[PDB]
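Participant: Chains as they are written, first to last, in the entry's author numbering: chain G, 257 to 303; chain A, 7 to 520; chain C, 251 to 299; chain F, 8 to 471; chain D, 8 to 471.
Heads up, the beta-carbon is just placed ideally off N, CA and C, and yes, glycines get one too.
Pasting a structure here, questions to come.
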Amino acid sequence: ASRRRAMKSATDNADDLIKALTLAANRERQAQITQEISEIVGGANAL
Amino acid sequence: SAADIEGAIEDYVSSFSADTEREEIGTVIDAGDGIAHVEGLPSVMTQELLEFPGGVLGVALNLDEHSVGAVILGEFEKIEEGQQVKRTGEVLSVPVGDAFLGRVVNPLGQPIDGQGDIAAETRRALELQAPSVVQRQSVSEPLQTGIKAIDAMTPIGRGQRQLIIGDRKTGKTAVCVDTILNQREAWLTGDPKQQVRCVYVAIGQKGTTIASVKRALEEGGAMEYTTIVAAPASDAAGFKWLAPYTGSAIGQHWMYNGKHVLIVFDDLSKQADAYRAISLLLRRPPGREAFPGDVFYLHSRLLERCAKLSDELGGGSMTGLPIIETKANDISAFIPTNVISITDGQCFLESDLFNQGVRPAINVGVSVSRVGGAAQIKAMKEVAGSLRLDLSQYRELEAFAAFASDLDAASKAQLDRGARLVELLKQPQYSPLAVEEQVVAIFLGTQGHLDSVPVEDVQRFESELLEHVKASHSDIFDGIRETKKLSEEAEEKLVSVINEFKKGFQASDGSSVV
Amino acid sequence: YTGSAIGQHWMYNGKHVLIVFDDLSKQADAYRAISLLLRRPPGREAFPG
Amino acid sequence: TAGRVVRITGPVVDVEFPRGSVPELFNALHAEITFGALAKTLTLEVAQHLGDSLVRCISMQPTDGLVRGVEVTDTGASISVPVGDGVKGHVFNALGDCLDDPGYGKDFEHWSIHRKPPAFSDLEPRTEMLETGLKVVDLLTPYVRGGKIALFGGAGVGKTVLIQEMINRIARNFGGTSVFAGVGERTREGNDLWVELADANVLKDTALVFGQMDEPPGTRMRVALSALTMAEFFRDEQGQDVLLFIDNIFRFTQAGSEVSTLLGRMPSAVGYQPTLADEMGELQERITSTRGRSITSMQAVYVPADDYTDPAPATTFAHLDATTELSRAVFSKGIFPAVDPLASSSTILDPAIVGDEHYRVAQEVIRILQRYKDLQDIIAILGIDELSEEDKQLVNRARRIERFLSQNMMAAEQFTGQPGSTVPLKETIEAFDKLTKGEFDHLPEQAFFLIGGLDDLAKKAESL
Amino acid sequence: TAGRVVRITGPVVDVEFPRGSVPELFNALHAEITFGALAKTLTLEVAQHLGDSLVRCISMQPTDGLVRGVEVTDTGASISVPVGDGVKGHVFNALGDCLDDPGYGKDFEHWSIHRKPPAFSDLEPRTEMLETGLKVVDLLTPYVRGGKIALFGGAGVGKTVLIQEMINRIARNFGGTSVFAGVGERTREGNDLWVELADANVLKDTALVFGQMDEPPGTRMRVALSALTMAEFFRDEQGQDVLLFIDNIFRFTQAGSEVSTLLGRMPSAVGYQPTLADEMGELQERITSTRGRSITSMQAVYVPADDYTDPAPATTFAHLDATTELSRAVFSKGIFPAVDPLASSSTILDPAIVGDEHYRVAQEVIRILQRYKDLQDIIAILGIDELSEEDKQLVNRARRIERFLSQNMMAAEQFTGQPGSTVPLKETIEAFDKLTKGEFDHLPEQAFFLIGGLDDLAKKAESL
Ligand SMILES: Nc1ncnc2c1ncn2[C@@H]1O[C@H](COP(=O)(O)OP(=O)(O)OP(=O)(O)O)[C@@H](O)[C@H]1O
Ligand SMILES: Nc1ncnc2c1ncn2[C@@H]1O[C@H](COP(=O)(O)OP(=O)(O)OP(=O)(O)O)[C@@H](O)[C@H]1O
Ligand SMILES: [Mg+2]
Ligand SMILES: [Mg+2]
């Protein structure tokens, strides 16, 4: 019974950690796209 | 009746002046994506309202040697090359005055509600300096938001900047509209020192949302004192950018005249997006999250005019309630952290709690009122001073309880107290409570009188008990109202009535709560 | 496009064609190079719009 | 008075005009390509004024073969789409030229695709349910009349069947019309949709507008507006409730991004156009109810990288009022309209707008189905017998609740022959109140399949 | 003779002078704004020469209503700020204009705010400890008297509360003078600090200079130097020991970035100005003490978007003897002052400077907390129960240490009511030695929050 409870808690914590890591990964992906575009367009603006 | 009709037009005709003066007319040499370059206008002022022939207006940002770069406000699709551009002799400014009360006006003061023109007292420049350090005094009087959560845990004081912040569909406009509606009891007093005027600046909100907010205000009598500055999502970037500034101008005119204003900005994140559009279309290099480096300047310039002036400047105030639409509870993002750095406290409305059924979804622990406590009636402070930490501790402990087989008696007691307090704070929409009612309701739970009530019935026990008091021992409410302190005599009366009721209260299981 | 043309001639004449491209990422990179050498404005990952 | 093409850079074309004849923004200009293989009449949409009487334009057709100095004739009006009763039953492109019968609609009334949303005073201040007559939608995902409904989907989950069903219901219940805007629509799927609607006999109540993916970004960006112009004519002139499908709105956003890149605007956010929210407002805010007639809309929204924080969905979802998600899990179990009761949602589903009873029954249905989903893992791993008596009871009730959310959709008439069902809203509320209380738990599961309402449930059960 | 405004780009004004009268870099220029609603004498600071006798200037007051072609008169000297014993007890703006009474300080000695940092020969590293009375600072990040101190934080972590806490700890009993520089922080905070110092009778010994957020980037970047000039006058001309609080120094770099994007300088890594390192250095290097004359400095640093790798904090780290990195994670635990014990560091945490026992206890505490951080993954998924027993005991006393580092700061009274407590260094060392050795592994965790001391720890443990 304690194993059932502990692993239910572990699955919930793993799901929450997956959600948080997916949010962080999406934000880092967006940041990488934005930074790359900034570098490209800054190069363009200097011709 | 016909006499006034004839007389108004007669006055207009006779007052007509053959004003032959000198207009500097320039010519547009370029226009595209909301930006128009106007050559000529050799004496233009920076941030002047240029008037293009289609009736549209523009703000002259860049004054180069060749031409003037103007951010166009409104329907830029009408602009074309070769059009004459006339000065207007006014730096970026909007009309202000009492006539704006009850009017929906686009970010330039032009009414869109369909009623007649607005009798503006004067014009105010959107970019006047905020009050200096020596022209303020710490906010010393409350702005009862009508929400038990806000007015108990994170109070808003007149002159404070309270940042409502949370994901989409999480109860932000609801909180702002509730705090606008709740001020009717103060408005009816007719006392400028106590009346709270309102200004609701909708940035990028849907047209239907602004219509619904206007209907909600009308149904609650709030349009006698509430202005709406509507920059719907349909409008160009310029209107969305300068809508909060025109709302702040309308509010500031009253703030400097000794009156109290409540400015809501819904959402300042949509202002930041519109300013990103304007700046990038001007080819200004982006910064973090593609925003320009001075987005913080935008929002701070805006919210730093929300202040509680000193008695030497009329003792007026302007309370700001900016709404920030976070993305998936990213309170650490750029714009949220900015507006937190500018504002004096945040009410974080978590979406997990909003879906869970806890409305308003105030996230305790992360929510705080920096200059709160001082602006909070003594009764509310004595009864709810410890509520925020207790609720945050209950939230921390709930995770442990969700998986623990059993807990310490003290931990069980704290879990119960939190599970009753969170239900007590929960509140239906458009149902603001006077401060007396809030203090009594919070007293029920903080002093433990709810500990005998089952959780699911707390909402009813409180909801009906306030009714029982409302017309059985009104001495309690009147005592709170007049004294603003929960005097021990009134406290004894209140506990007596609570027990008298609890004897006659029946829970959902049929058990007595004695 | 040369492959698509050779295929389309058979396609419009009533035959059935099967066109493989190993790999379209290398066409995209080639077009990106041509566009950037022509000063065409770049968007995401430097690609032309 | 006619200009000259001075620069050709792919889709972007720059046109010089005499001193006092420069076309206004968003005017449509006509150019000619005279090469034998690629002869065309290009439509150029003026995007910017560059000065010196030069206008930068985004060609709505491929510019391959265009020659510098070729004459450009100004129409003086924006891209004009045909509007009328004649656009019902035909397929159009973003420029208004018919595709199944070329030259058709040239004598119809023409409307500019750029026109303002309803003035503020004419917006309806109260959101009203659109009683679709589908149990699942009217119960758990109530559509807002004059609102936008996210329509997630995929292969075989019956998205096209739901589209046909909604065309049928809006054309037989509300006496309205439907318009389908294929913003970036696969030519194959466009043809499939056209033939399916022609076979379902609902094409006569639908106007199809396709901005095909092979077309440059200009048409993919303007097809949504063209279809919405047709819908706005059906609303503000013929007094018909209209239903505008948009597959896919993310491709409207992408087309805007591509045009922005072409014109030289610095990309923003995650590479999207700086004017992203402005364009999304110009599109969506025209989809609203005014003067008692409404353009409801169902929009398929592709979330990039499965990220709802991406600017495209995060700007679309500010305007979407309801979400309908079709899943393989529900579909494979024979439950059509395939709507996932748990993933889907609606903004109007609050006791303030819907009745308190409706909210209570909907929440109870969601609760039962959520518990059944929680238990499904145990069911699949350990067998159904592992459940307790309460859990077994709840599982049995949830099976029949989820099978009852199915409905003999009107669009299925062409297959089964049996006429579709339009359950009254209160009738559905009472049916699901009874079914969540177990009153029909003794009936066999197969009884609830594809049954339109409460009385039909009994009249089908008697057959078992 | 006088120049002429030739172009205006927000707070940046280009002025064209006669061939022979170009002003030097950092020379103060005076323009005029005549539009009545906001007419003012506009101060500009020459920042570049562009050729053709043009000079590009930053604007101290907002350039609203400024007109092309207005006269600009160079003052022949850089922006000057008043100095003297008089500046103690008054509030000044970035340009030296007094605020509490406008006519003040116009007859005092005026110093140019632009001056080279002290020559290297006069520098020597200060190493004397500055007992603040806080457990975390006095144990793990011992502040350096006469040295630079920082308080890094995102938004809402406790930078300003701790700044005013140290105003209470240090300034309230300081023998010398103090200066407070509001660099782009709230005007409300400025007024609150002014009244608090007036009530605490510390104002008579403080010179306040404010450049708060509602001011353009010009003053928002020169206010730090304006305050630092009074600080250096006290350091050099008077020989007094000085405190220099600066809240918030990141606003200096942000105003730098704004003026950079306006002046035309290309963007750096994440949009900041290319001279971020140089602009920060020419300011920080002046805040150093010299041989016989001490200038303690305490700077709040805003770490934007909680990203500690941003170039501004990443540059200002190298300029600090003691760094106190406030973190969101510690803040959400309620552990005020919210100091991340690991990220923070001090250069005097060397067993030769603080002593053997102090360093030993600090290093053991850091080891315990580092192992806790290394176990955080398992703690998050599985829980403390699945660790090894040594790790379990370490995690228990790590939680106890981490809570014990919290303290009921004096400045926290206004937010909590509970009065503030100061724990002398010896008691902190002894208490943390006891915690690390395990002498208090039996008391509950809750007994260590916001307690501040061994006696208070015992009292609170008995209370629970
Ligand atoms: N306190 C409340 N109790 C119950 N329902 C509420 C409450 N506040 C808001 N709602 C409901 O929540 C839904 C969304 O509310 P609201 O518009 O205030 O949210 P929001 O987060 O401000 O939205 P948006 O980002 O779209 O402006 C509406 O159904 C509203 O009725
Ligand atoms: N020790 C403490 N005890 C209680 N509450 C605290 C404490 N420290 C901080 N807080 C709460 O956190 C808020 C943070 O205040 P503070 O001004 O330090 O924040 P900041 O975001 O770092 O500042 P700034 O706006 O200067 O960047 C305080 O107003 C108070 O609400
Ligand atoms: Mg809202
Ligand atoms: Mg601060």
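Closer than 8 angstroms is the cut-off here; do at least three beta carbon pairs connect the region 327-341 of chain D with the region 274-281 of chain D?
Facilitator: Counting Cβ pairs under 8 angstroms, fewer than three are found: no touch.
Participant: Listed from N- to C-terminal order along the chain, which residues in the region 217-239 of chain D have their beta-carbon within a distance smaller than 9 angstroms of any beta-carbon of chain A?
Facilitator: Residues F217, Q219, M220, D221, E222, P223, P224, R227.
Participant: Between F447/D and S413/D, what straight-line distance do the alpha-carbon atoms span, to the nearest angstrom?
Facilitator: Approximately 16 angstroms between the Cα atoms of the pair.
Participant: Tell me where the alpha helix (DSSP H) around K499/A begins and ends.
Facilitator: Here the alpha helix (DSSP H) through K499/A covers 494-510.
Participant: Look at the alpha carbon of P224/F and the alpha carbon of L269/F, and state the distance between them as a whole number of angstroms.
Facilitator: For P224/F and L269/F, the distance between alpha carbons rounds to 10 angstroms.
Participant: Just how far apart, CA to CA, sit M173/F and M67/F?
Facilitator: Taking the straight line joining both Cα atoms gives about 31 angstroms.
Participant: Using a Cβ cut-off of 8 angstroms, pull out every chain F residue sitting near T267/G, in sequence order please.
Facilitator: Result: empty, since nearest Cβ-Cβ is about 10 angstroms, beyond 8 angstroms.
Participant: Span of the beta strand (DSSP E) holding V235/A?
Facilitator: That run of the beta strand (DSSP E) goes 232-237.
Participant: My output table needs one value for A416/A: the three-state DSSP class, helix, strand or coil.
Facilitator: In the structure shown, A416/A sits in a helix (DSSP, three-state: H, G or I).
Participant: Could you tell me whether the Cβ of residue 3/A comes closer than 8 angstroms to any Cβ of chain G?
Facilitator: The structure shown does not extend to residue 3/A, since chain A is modelled only from 7 to 520, so the question has no answer here.
Participant: In its own chain, which residues sit with a C-beta less than 6 angstroms from the C-beta of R406/D, not counting the 5 before and 5 after it?
Facilitator: Excluding residues within five positions, the ones whose Cβ falls inside 6 angstroms are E452.
Participant: Determine the chain A residues that contact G299/G at a beta-carbon separation under 7 angstroms, and present them in chain order.
Facilitator: Under the 7 angstroms cutoff, chain A gives no residues; its nearest Cβ is about 12 angstroms from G299/G.
Participant: Quick check: the region 14-33 of chain D against the region 51-60 of chain D, are at least 3 beta-carbon pairs closer than 8 angstroms?
Facilitator: Verdict: yes, contact present.
Participant: CB-CB under 7 angstroms to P59/A, same chain, minus the five flanking residues each way: which ones, in chain order?
Facilitator: Within the same chain, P59/A has close Cβ partners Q89, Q90.
Participant: Between which two residues does the beta strand (DSSP E) carrying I289/G extend?
Facilitator: Taken as a continuous stretch (DSSP letters only), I289/G belongs to no beta strand (DSSP E), being part of the alpha helix (DSSP H) at 258-301.
Participant: Is it right to say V79/D is buried, meaning 16 or more other beta carbons lie within 10 angstroms of its own, or is it exposed?
Facilitator: Per the 10 Å Cβ criterion, buried.
Participant: Determine the contact status of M386/A and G322/A, defining contact as a CB-CB distance below 8 angstroms.
Facilitator: For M386/A and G322/A, no; Cβs fall outside 8 angstroms.
Participant: So with Cβ pairs under 8 angstroms, would you call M273/D a contact of chain G?
Facilitator: Chain G, which has a Cβ nearer than 8 angstroms to the Cβ of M273/D, makes this yes.
Participant: By alpha-carbon positions, which one of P431/F, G197/F, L290/F ends up nearest to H121/F?
Facilitator: For the residues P431/F, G197/F, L290/F, the minimum Cα distance to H121/F belongs to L290/F.
Participant: Give the DSSP-derived three-state secondary structure of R298/D in the structure shown.
Facilitator: Of the three classes helix, strand and coil, the one that applies to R298/D here is coil, per DSSP.
Participant: Less than 8 angstroms between the C-beta atoms of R227/F and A262/F, yes or no?
Facilitator: Yes, the Cβ-Cβ distance between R227/F and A262/F is below 8 angstroms.
Participant: For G278/F, return the contacting residues in chain G, with the cut-off set at a CB-CB distance below 8 angstroms.
Facilitator: In chain order: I289, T290, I293.
Participant: Relative to the C-alpha of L169/F, which residue among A336/F, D463/F, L204/F, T194/F is closest?
Facilitator: Of the candidates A336/F, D463/F, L204/F, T194/F, the one whose C-alpha sits nearest the C-alpha of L169/F is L204/F.
Participant: Among residues of its own chain, excluding the 5 on either side of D145/F, which ones have a beta-carbon nearer than 8 angstroms to its beta-carbon?
Facilitator: Hits under 8 angstroms: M136, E138, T139, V430, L432, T435.
Participant: Which chain G residues are close to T316/F, counting only those with a beta carbon under 9 angstroms from its beta carbon?
Facilitator: Ordered by position in chain G, the residues that pass the 9 angstroms Cβ test against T316/F are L279, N282, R283, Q286.
Participant: Check whether the region 432-450 of chain A and the region 383-402 of chain A are in contact - that is, three or more C-beta pairs closer than 8 angstroms.
Facilitator: Segments in contact, yes.
Participant: State the beta-bridge partners of residue 5/A as determined by DSSP.
Facilitator: As displayed, chain A neither begins before 7 nor continues past 520, which places residue 5/A out of reach and without an answer.
Participant: What would DSSP say about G83/F, mapped onto helix, strand or coil?
Facilitator: Residue state, collapsed to three classes: strand.
Participant: Are the C-beta of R290/C and some C-beta of chain F separated by less than 8 angstroms?
Facilitator: Yes, contact with chain F.
Participant: Taking the alpha helix (DSSP H) that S21/A falls in, what are its first and last residues?
Facilitator: Unbroken alpha helix (DSSP H) run through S21/A: 8-21.
Participant: Hey, is the region 425-432 of chain A in contact with the region 472-486 of chain A, meaning 3+ C-beta pairs nearer than 8 angstroms?
Facilitator: No contact exists between the region 425-432 of chain A and the region 472-486 of chain A.
Participant: Return yes when at least one heavy atom of ligand 4 lies under 7 angstroms from the C-beta of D254/D, else no.
Facilitator: Answer for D254/D: yes, Cβ within range of ligand 4.
Participant: Among residues of its own chain, excluding the 5 on either side of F99/D, which ones have a beta-carbon nearer than 6 angstroms to its beta-carbon?
Facilitator: Taken in chain order, the residues that qualify are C105, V216.
Participant: Determine the closest residue to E265/D out of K92/A, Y303/A, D396/A, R129/A, with distance taken between C-alpha atoms.
Facilitator: Of the candidates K92/A, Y303/A, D396/A, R129/A, the one whose C-alpha sits nearest the C-alpha of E265/D is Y303/A.
Participant: Give, in chain order, every unbroken run of the beta strand (DSSP E) that is at least 3 residues long and sits entirely within the region 376-404 of chain D.
Facilitator: Fully enclosed beta strand (DSSP E) runs of 3 or longer: not present.
Participant: By the three-class DSSP mapping on this structure, what secondary structure does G32/A have?
Facilitator: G32/A: strand per DSSP, three-state reduction.
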